[PDB]
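As you go down the protein sequences, you meet chains V and R in turn. Adding 147 to a residue's 1-based position in the first sequence gives its number in the UniProt record's numbering. Adding 147 to a residue's 1-based position in the second sequence gives its number in the UniProt record's numbering. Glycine included, each C-beta is placed from N, C-alpha and C at the ideal position. Structure record follows, encoded as structure tokens.
Protein chains: 2
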Amino acid sequence: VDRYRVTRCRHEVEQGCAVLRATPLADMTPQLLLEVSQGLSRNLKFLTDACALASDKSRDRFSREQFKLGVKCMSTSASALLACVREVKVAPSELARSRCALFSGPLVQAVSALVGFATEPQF
Amino acid sequence: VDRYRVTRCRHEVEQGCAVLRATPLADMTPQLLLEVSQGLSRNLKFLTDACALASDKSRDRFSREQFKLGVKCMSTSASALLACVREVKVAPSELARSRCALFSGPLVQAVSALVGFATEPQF
């Protein structure tokens, strides 16, 4: 895989999660919330695409399965977060905004675990 | 839900993940690795059971979906970790042991997000 660009993905997911923690409820407009979701989905797509290719090289059967489980953990984390984001759009509250921070950790960690695996010194 | 016992679950998952980081490769026997997996699966079952019940109370449709997405994030994190654990059993190496620490974060965070949601001041 390409060390530089999987790292840039991970940086962009952390950046987008940071937007959801940094931005007060008053400034969480439909448009700000949409740019963040689109930036997250963009970076998840690339990372899933970057990992499919790496699965294709490795002869090892554990690796191929770990990419599959790593990507699925990433995609289920993403869905839990994107539902909180949608929800703070249609039902603004300090609590729904807190909920976004709460469901960021799982996504940031799922991405960090996938990218750390992908840059083991044999890809 | 029962604040005391969902918190004890979260503590036990953190404890079991800590065993995989604390224990040198030499001491990671089949039996130690098995007790940790069984303790994790025990605590995930309880937490999934504790959350099904909470889903059953809430009239809110977002909550019901968030429990579903929260549990699924937890169960996909668990699978990614348990494959690394199995793998350090059948292919002991410092790298496979590191991989266990790498795939703990997603599980600890998925559990922390689910338990934090479950103890929002309305359950």
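| Asked | Found |
| --- | --- |
| Which class does residue 168(V) belong to by DSSP, given the choice of helix, strand or coil? | helix |
| Once you ignore the five residues that flank residue 247(V) on each side, which residues in its own chain have a CB closer than 8 Å to its CB? | 167, 168, 228, 231, 232, 235 |
| Given residue 264(R), which residues of its chain have a CB within under 7 Å of its CB, disregarding the five upstream and five downstream residues? | 213, 217 |
| Using C-beta distances below 8 Å, list every residue in its chain close to residue 237(R), excluding the 5 sequence neighbours before and after it, in chain order. | none |
| Am I right that residue 220(V) and residue 257(V) are in contact with their C-beta atoms under 8 Å? What's the rounded C-beta distance? | 4 Å |
| Below 7 Å CB to CB, which residues in the same chain sit around residue 153(R) once its five sequence neighbours on both sides are set aside? | 194, 197, 262, 265, 266 |
| Please list, in chain order, all residues of the same chain as residue 170(R) whose beta carbon is under 6 Å from its beta carbon, the five residues on each side excluded. | none |
| Report yes or no: is there a C-beta of chain V within less than 8 Å of the C-beta of residue 264(R)? | yes |
| Could you have a look at residue 149(V) and say whether DSSP puts it in helix, strand or coil? | coil |
| Using CA atoms only, rank isn't needed, just tell me which of 245(V), 259(V), 157(V) is closest to residue 175(V). | 245(V) |
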